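As stored in coords-v1.cif (mmCIF, N, CA and C atoms):
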data_data
loop_
_atom_site.label_atom_id
_atom_site.label_comp_id
_atom_site.auth_asym_id
_atom_site.auth_seq_id
_atom_site.Cartn_x
_atom_site.Cartn_y
_atom_site.Cartn_z
N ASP M 398 -26.59 37.60 33.08
CA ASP M 398 -25.92 36.71 34.02
C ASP M 398 -24.45 37.07 34.13
N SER M 399 -23.83 36.86 35.28
CA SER M 399 -22.40 37.14 35.46
C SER M 399 -21.73 36.15 36.40
N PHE M 400 -20.47 35.83 36.11
CA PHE M 400 -19.60 34.99 36.94
C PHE M 400 -18.13 35.07 36.50
N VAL M 401 -17.21 34.59 37.34
CA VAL M 401 -15.81 34.37 36.97
C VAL M 401 -15.54 32.88 36.76
N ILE M 402 -14.78 32.56 35.71
CA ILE M 402 -14.22 31.23 35.43
C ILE M 402 -12.82 31.36 34.85
N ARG M 403 -12.03 30.28 34.84
CA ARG M 403 -10.69 30.34 34.26
C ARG M 403 -10.70 30.39 32.73
N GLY M 404 -9.65 30.95 32.13
CA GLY M 404 -9.56 31.20 30.68
C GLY M 404 -9.76 29.99 29.76
N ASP M 405 -9.43 28.77 30.20
CA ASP M 405 -9.80 27.55 29.46
C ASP M 405 -11.31 27.36 29.39
N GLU M 406 -11.99 27.48 30.52
CA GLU M 406 -13.39 27.07 30.67
C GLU M 406 -14.36 27.99 29.92
N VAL M 407 -13.91 29.16 29.47
CA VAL M 407 -14.68 30.06 28.60
C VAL M 407 -15.19 29.32 27.35
N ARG M 408 -14.45 28.35 26.82
CA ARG M 408 -14.91 27.53 25.68
C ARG M 408 -16.17 26.71 25.99
N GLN M 409 -16.47 26.43 27.26
CA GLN M 409 -17.67 25.71 27.68
C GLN M 409 -18.94 26.57 27.65
N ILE M 410 -18.84 27.90 27.60
CA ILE M 410 -20.01 28.79 27.66
C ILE M 410 -20.63 28.95 26.26
N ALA M 411 -21.26 27.88 25.78
CA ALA M 411 -22.02 27.85 24.53
C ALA M 411 -23.20 26.86 24.63
N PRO M 412 -24.28 27.04 23.86
CA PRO M 412 -25.25 25.97 23.64
C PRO M 412 -24.53 24.69 23.16
N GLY M 413 -24.99 23.52 23.59
CA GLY M 413 -24.44 22.22 23.17
C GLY M 413 -23.09 21.82 23.79
N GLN M 414 -22.44 22.67 24.58
CA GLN M 414 -21.16 22.33 25.22
C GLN M 414 -21.29 21.37 26.41
N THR M 415 -20.16 20.78 26.82
CA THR M 415 -20.02 19.95 28.03
C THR M 415 -18.68 20.19 28.74
N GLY M 416 -18.58 19.71 29.97
CA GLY M 416 -17.47 19.96 30.89
C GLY M 416 -17.99 20.61 32.17
N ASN M 417 -17.24 20.55 33.27
CA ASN M 417 -17.78 20.77 34.62
C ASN M 417 -18.61 22.05 34.77
N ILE M 418 -18.25 23.12 34.06
CA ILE M 418 -19.00 24.37 34.13
C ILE M 418 -20.34 24.21 33.42
N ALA M 419 -20.34 23.80 32.16
CA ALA M 419 -21.57 23.55 31.41
C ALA M 419 -22.42 22.40 31.99
N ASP M 420 -21.79 21.43 32.65
CA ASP M 420 -22.42 20.27 33.27
C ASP M 420 -23.08 20.61 34.61
N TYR M 421 -22.33 21.27 35.50
CA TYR M 421 -22.64 21.33 36.93
C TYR M 421 -22.66 22.74 37.52
N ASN M 422 -22.43 23.79 36.73
CA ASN M 422 -22.45 25.17 37.22
C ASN M 422 -23.44 26.07 36.48
N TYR M 423 -23.36 26.12 35.15
CA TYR M 423 -24.16 27.02 34.32
C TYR M 423 -24.40 26.39 32.95
N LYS M 424 -25.60 25.85 32.74
CA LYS M 424 -26.01 25.25 31.46
C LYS M 424 -26.80 26.26 30.66
N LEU M 425 -26.31 26.63 29.48
CA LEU M 425 -27.10 27.34 28.48
C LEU M 425 -28.16 26.42 27.88
N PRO M 426 -29.34 26.92 27.51
CA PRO M 426 -30.24 26.16 26.66
C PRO M 426 -29.58 25.91 25.31
N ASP M 427 -29.74 24.72 24.75
CA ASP M 427 -29.10 24.34 23.48
C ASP M 427 -29.65 25.09 22.25
N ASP M 428 -30.63 25.97 22.44
CA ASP M 428 -31.22 26.89 21.47
C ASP M 428 -31.25 28.34 21.99
N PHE M 429 -30.21 28.72 22.74
CA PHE M 429 -30.01 30.06 23.30
C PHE M 429 -30.13 31.21 22.28
N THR M 430 -30.60 32.37 22.75
CA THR M 430 -30.61 33.63 22.01
C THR M 430 -30.02 34.74 22.88
N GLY M 431 -29.09 35.52 22.35
CA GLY M 431 -28.38 36.55 23.11
C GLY M 431 -26.88 36.53 22.86
N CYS M 432 -26.09 37.08 23.78
CA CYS M 432 -24.64 37.19 23.64
C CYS M 432 -23.88 36.74 24.89
N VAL M 433 -22.75 36.07 24.66
CA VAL M 433 -21.76 35.69 25.66
C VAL M 433 -20.54 36.58 25.46
N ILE M 434 -20.16 37.31 26.50
CA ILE M 434 -19.05 38.26 26.47
C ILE M 434 -18.09 37.90 27.60
N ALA M 435 -16.78 37.93 27.35
CA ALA M 435 -15.79 37.60 28.36
C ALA M 435 -14.52 38.44 28.22
N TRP M 436 -13.82 38.67 29.33
CA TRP M 436 -12.49 39.27 29.32
C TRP M 436 -11.61 38.73 30.44
N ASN M 437 -10.31 38.64 30.16
CA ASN M 437 -9.30 38.28 31.14
C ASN M 437 -9.32 39.31 32.29
N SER M 438 -9.38 38.84 33.52
CA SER M 438 -9.43 39.66 34.73
C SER M 438 -8.32 39.30 35.73
N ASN M 439 -7.23 38.69 35.27
CA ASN M 439 -6.07 38.33 36.10
C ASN M 439 -5.57 39.50 36.95
N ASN M 440 -5.47 40.67 36.33
CA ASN M 440 -5.13 41.96 36.93
C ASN M 440 -6.15 42.53 37.95
N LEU M 441 -7.28 41.85 38.20
CA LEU M 441 -8.37 42.32 39.07
C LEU M 441 -8.85 41.25 40.06
N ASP M 442 -8.92 40.00 39.62
CA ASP M 442 -9.44 38.87 40.39
C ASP M 442 -8.36 37.97 40.99
N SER M 443 -7.12 37.99 40.48
CA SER M 443 -6.04 37.26 41.14
C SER M 443 -5.52 37.98 42.39
N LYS M 444 -5.10 37.21 43.39
CA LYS M 444 -4.65 37.67 44.71
C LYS M 444 -3.31 37.02 45.06
N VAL M 445 -2.43 37.72 45.77
CA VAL M 445 -1.15 37.15 46.23
C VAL M 445 -1.41 35.95 47.14
N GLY M 446 -0.83 34.79 46.82
CA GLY M 446 -1.07 33.53 47.53
C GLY M 446 -2.39 32.82 47.16
N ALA T 348 7.44 8.42 19.83
CA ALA T 348 7.89 8.25 18.45
C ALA T 348 8.21 9.56 17.71
N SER T 349 9.19 9.52 16.80
CA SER T 349 9.33 10.51 15.72
C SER T 349 8.19 10.36 14.71
N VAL T 350 7.65 11.46 14.18
CA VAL T 350 6.42 11.42 13.38
C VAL T 350 6.58 10.72 12.03
N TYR T 351 7.77 10.71 11.42
CA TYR T 351 8.02 9.91 10.22
C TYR T 351 7.95 8.38 10.47
N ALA T 352 8.03 7.97 11.73
CA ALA T 352 8.13 6.58 12.18
C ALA T 352 7.24 6.35 13.43
N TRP T 353 6.02 6.90 13.39
CA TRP T 353 4.98 6.86 14.43
C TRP T 353 4.70 5.46 15.01
N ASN T 354 4.07 5.36 16.18
CA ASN T 354 3.77 4.08 16.84
C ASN T 354 2.26 3.88 17.05
N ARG T 355 1.75 2.67 16.78
CA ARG T 355 0.35 2.26 17.01
C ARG T 355 0.23 1.39 18.26
N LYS T 356 -0.74 1.70 19.11
CA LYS T 356 -1.29 0.79 20.13
C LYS T 356 -2.68 0.32 19.69
N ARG T 357 -2.91 -0.98 19.53
CA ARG T 357 -4.26 -1.56 19.43
C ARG T 357 -4.89 -1.64 20.82
N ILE T 358 -6.16 -1.27 20.91
CA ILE T 358 -7.02 -1.42 22.08
C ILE T 358 -8.11 -2.44 21.72
N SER T 359 -8.22 -3.53 22.48
CA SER T 359 -9.20 -4.58 22.22
C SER T 359 -9.52 -5.38 23.48
N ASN T 360 -10.67 -6.07 23.47
CA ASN T 360 -11.09 -7.03 24.50
C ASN T 360 -11.10 -6.42 25.93
N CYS T 361 -11.65 -5.22 26.06
CA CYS T 361 -11.53 -4.37 27.25
C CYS T 361 -12.67 -3.34 27.35
N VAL T 362 -12.79 -2.65 28.48
CA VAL T 362 -13.77 -1.57 28.72
C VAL T 362 -13.08 -0.27 29.13
N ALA T 363 -13.68 0.90 28.87
CA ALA T 363 -13.08 2.19 29.23
C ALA T 363 -14.11 3.29 29.49
N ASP T 364 -13.71 4.35 30.20
CA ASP T 364 -14.39 5.64 30.20
C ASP T 364 -13.59 6.63 29.34
N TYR T 365 -14.26 7.34 28.44
CA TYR T 365 -13.64 8.39 27.64
C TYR T 365 -13.82 9.77 28.26
N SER T 366 -14.84 9.98 29.10
CA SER T 366 -15.12 11.29 29.69
C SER T 366 -14.02 11.76 30.63
N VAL T 367 -13.44 10.85 31.42
CA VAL T 367 -12.21 11.11 32.19
C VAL T 367 -11.06 11.61 31.30
N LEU T 368 -10.99 11.16 30.04
CA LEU T 368 -9.98 11.60 29.09
C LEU T 368 -10.28 13.03 28.61
N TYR T 369 -11.40 13.27 27.93
CA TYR T 369 -11.63 14.59 27.30
C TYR T 369 -11.87 15.75 28.28
N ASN T 370 -12.21 15.48 29.54
CA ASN T 370 -12.21 16.50 30.60
C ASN T 370 -10.81 16.80 31.18
N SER T 371 -9.78 16.00 30.87
CA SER T 371 -8.43 16.19 31.43
C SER T 371 -7.74 17.43 30.87
N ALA T 372 -7.34 18.35 31.75
CA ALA T 372 -6.63 19.59 31.39
C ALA T 372 -5.25 19.36 30.75
N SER T 373 -4.72 18.13 30.84
CA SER T 373 -3.51 17.70 30.13
C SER T 373 -3.62 17.87 28.61
N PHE T 374 -4.80 17.67 28.02
CA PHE T 374 -4.95 17.67 26.57
C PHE T 374 -5.08 19.08 26.00
N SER T 375 -3.99 19.54 25.40
CA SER T 375 -3.86 20.77 24.62
C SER T 375 -4.68 20.74 23.32
N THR T 376 -5.17 19.57 22.89
CA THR T 376 -6.15 19.40 21.81
C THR T 376 -6.97 18.13 22.04
N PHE T 377 -8.26 18.13 21.66
CA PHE T 377 -9.14 16.96 21.65
C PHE T 377 -10.25 17.14 20.59
N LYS T 378 -9.90 17.07 19.31
CA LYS T 378 -10.85 17.11 18.18
C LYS T 378 -11.42 15.73 17.89
N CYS T 379 -12.57 15.63 17.23
CA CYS T 379 -13.16 14.36 16.79
C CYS T 379 -13.84 14.45 15.42
N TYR T 380 -13.91 13.31 14.72
CA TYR T 380 -14.47 13.16 13.38
C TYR T 380 -15.33 11.88 13.31
N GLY T 381 -16.52 11.95 12.72
CA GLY T 381 -17.46 10.82 12.65
C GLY T 381 -18.11 10.39 13.97
N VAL T 382 -17.62 10.88 15.11
CA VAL T 382 -18.17 10.66 16.46
C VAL T 382 -18.03 11.95 17.28
N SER T 383 -18.95 12.21 18.21
CA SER T 383 -18.83 13.27 19.22
C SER T 383 -18.27 12.70 20.52
N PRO T 384 -17.32 13.36 21.21
CA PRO T 384 -16.78 12.86 22.48
C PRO T 384 -17.88 12.66 23.53
N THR T 385 -18.88 13.54 23.55
CA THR T 385 -20.08 13.45 24.42
C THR T 385 -20.84 12.13 24.28
N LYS T 386 -20.74 11.48 23.11
CA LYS T 386 -21.42 10.24 22.76
C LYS T 386 -20.55 8.98 22.96
N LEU T 387 -19.23 9.11 23.09
CA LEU T 387 -18.30 7.96 23.16
C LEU T 387 -18.69 6.92 24.22
N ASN T 388 -19.12 7.37 25.40
CA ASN T 388 -19.45 6.46 26.50
C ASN T 388 -20.68 5.57 26.24
N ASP T 389 -21.52 5.85 25.24
CA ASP T 389 -22.64 4.98 24.85
C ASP T 389 -22.26 3.86 23.86
N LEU T 390 -21.05 3.89 23.29
CA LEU T 390 -20.64 3.04 22.17
C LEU T 390 -19.87 1.78 22.58
N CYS T 391 -19.74 0.88 21.60
CA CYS T 391 -18.76 -0.20 21.56
C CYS T 391 -18.12 -0.25 20.17
N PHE T 392 -16.92 -0.82 20.07
CA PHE T 392 -16.08 -0.83 18.88
C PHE T 392 -15.51 -2.23 18.64
N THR T 393 -15.36 -2.64 17.38
CA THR T 393 -14.65 -3.89 17.02
C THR T 393 -13.23 -3.83 17.56
N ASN T 394 -12.54 -2.71 17.38
CA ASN T 394 -11.31 -2.32 18.07
C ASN T 394 -11.23 -0.79 18.13
N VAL T 395 -10.31 -0.27 18.93
CA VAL T 395 -9.83 1.11 18.83
C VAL T 395 -8.32 1.08 18.63
N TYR T 396 -7.74 2.07 17.97
CA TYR T 396 -6.29 2.15 17.78
C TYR T 396 -5.81 3.56 18.13
N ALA T 397 -4.69 3.68 18.83
CA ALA T 397 -4.06 4.96 19.13
C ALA T 397 -2.73 5.08 18.38
#

For the structure just supplied, provide its representation as structure tokens.
Amino acid sequence: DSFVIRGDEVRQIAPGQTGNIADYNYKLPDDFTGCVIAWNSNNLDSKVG
Amino acid sequence: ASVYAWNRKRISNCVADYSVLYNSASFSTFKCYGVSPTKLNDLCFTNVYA
């Protein structure tokens, strides 16, 4: 799976988490198996204005 | 308050939502002990104190 989110909301990408991303965008199963990987993309995804 | 001389607010005889609080981007920290924030909205308390 892949998506962009802001650097705060990365803490929501876990089993058992809550908040608008884990609530209403992407819910992990609370017994997930696999890996969550993230990196800052400000230099690639941010735009002037 | 200065931390050597901290201030208490009692909360009593009232109703609240806590989810509006712990979802607020204002809070640079929101830890909990003996309760989960996810569970706060199901509870009632003799009092709360801040």

Contacts of residue M:412 at 6 Å (all atoms listed in the file; same-chain gap of 5+ positions) as a list in words: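 Non-adjacent residues within range: residues 425, 426, 427, 428 and 429 of chain M.
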
Write down, as a short mmCIF file (atom, residue, chain, number, x, y, z; two decimals) with N, CA and C atoms, in the frame of the given file, each residue of chain T that has any atom within 8 Å of an atom of chain M, counting only N, CA and C atoms.
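Output below, filename selection_29.cif:
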data_model
loop_
_atom_site.label_atom_id
_atom_site.label_comp_id
_atom_site.auth_asym_id
_atom_site.auth_seq_id
_atom_site.Cartn_x
_atom_site.Cartn_y
_atom_site.Cartn_z
N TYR T 369 -11.40 13.27 27.93
CA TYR T 369 -11.63 14.59 27.30
C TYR T 369 -11.87 15.75 28.28
N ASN T 370 -12.21 15.48 29.54
CA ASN T 370 -12.21 16.50 30.60
C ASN T 370 -10.81 16.80 31.18
N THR T 385 -18.88 13.54 23.55
CA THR T 385 -20.08 13.45 24.42
C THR T 385 -20.84 12.13 24.28
#

Could you go through chain T and tell me which residues DSSP, when run on the backbone, assigns to strand (DSSP E or B), listing them as a PDB file with N, CA and C atoms, in the frame of the given file?
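This is the output file out_14.pdb:
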ATOM      1  N   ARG T 357      -2.910  -0.980  19.530  1.00  0.00           N
ATOM      2  CA  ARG T 357      -4.260  -1.560  19.430  1.00  0.00           C
ATOM      3  C   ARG T 357      -4.890  -1.640  20.820  1.00  0.00           C
ATOM      4  N   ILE T 358      -6.160  -1.270  20.910  1.00  0.00           N
ATOM      5  CA  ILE T 358      -7.020  -1.420  22.080  1.00  0.00           C
ATOM      6  C   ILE T 358      -8.110  -2.440  21.720  1.00  0.00           C
ATOM      7  N   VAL T 395     -10.310  -0.270  18.930  1.00  0.00           N
ATOM      8  CA  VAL T 395      -9.830   1.110  18.830  1.00  0.00           C
ATOM      9  C   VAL T 395      -8.320   1.080  18.630  1.00  0.00           C
ATOM     10  N   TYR T 396      -7.740   2.070  17.970  1.00  0.00           N
ATOM     11  CA  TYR T 396      -6.290   2.150  17.780  1.00  0.00           C
ATOM     12  C   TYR T 396      -5.810   3.560  18.130  1.00  0.00           C
TER      13      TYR T 396
END

Residues near residue T:360, cut-off 12 Å, only C-alpha atoms, skip fewer than 5 positions along chain, as a ChimeraX atom specification: /T:391-395

Go ahead and fit an axis-aligned box to every listed atom of stretch 360-372 of chain T plus 6 Å each side, and pass me the centre and edge lengths in Å, one decimal, as AutoDock Vina command-line options.
--center_x -10.2 --center_y 6.3 --center_z 27.8 --size_x 21.9 --size_y 38.6 --size_z 20.7

Contacts of residue M:436 within 10 Å, only C-alpha atoms, excl. fewer than 3 positions in-chain, as a count of residues only: 4

Helix (DSSP H, G or I) residues, from DSSP on the backbone, in chain M, as a ChimeraX atom specification: /M:406-409,417-421,439-442

Residue among T:366, T:350, T:356, T:372 lying closest to residue T:386, counting only C-alpha atoms: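 Looking only at the distances to residue T:386, the closest residue turns out to be T:366.
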
Atomic separation - atom CA of residue M:406 relative to atom CA of residue T:371, Å: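 Atom-to-atom, atom CA of residue T:371 to atom CA of residue M:406, that is 12.0 Å.
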
Test item: residues at most 12 Å from residue T:368, only C-alpha atoms, excluding those fewer than 6 positions along its chain, as a VMD selection string: (chain M and resid 416) or (chain T and resid 374 to 377 384 to 385 387 to 388)

Residue members of the PyMOL selection byres (((chain M and resi 400 and name CA) around 12) and name CA) in the file shown, as a list in words: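 This file, filtered by the PyMOL selection byres (((chain M and resi 400 and name CA) around 12) and name CA), leaves residues 398, 399, 401, 402, 403, 406, 407, 410, 418, 422, 423, 433, 434, 435, 436, 438 and 442 of chain M.
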
Straight-line distance linking atom N of residue T:373 with atom C of residue T:348, stated in Å to one decimal: 20.3 Å

Point-to-point distance from atom CA of residue T:357 to atom CA of residue T:396, Å rounded to tenths: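 Between these atoms lies a distance of 4.5 Å.
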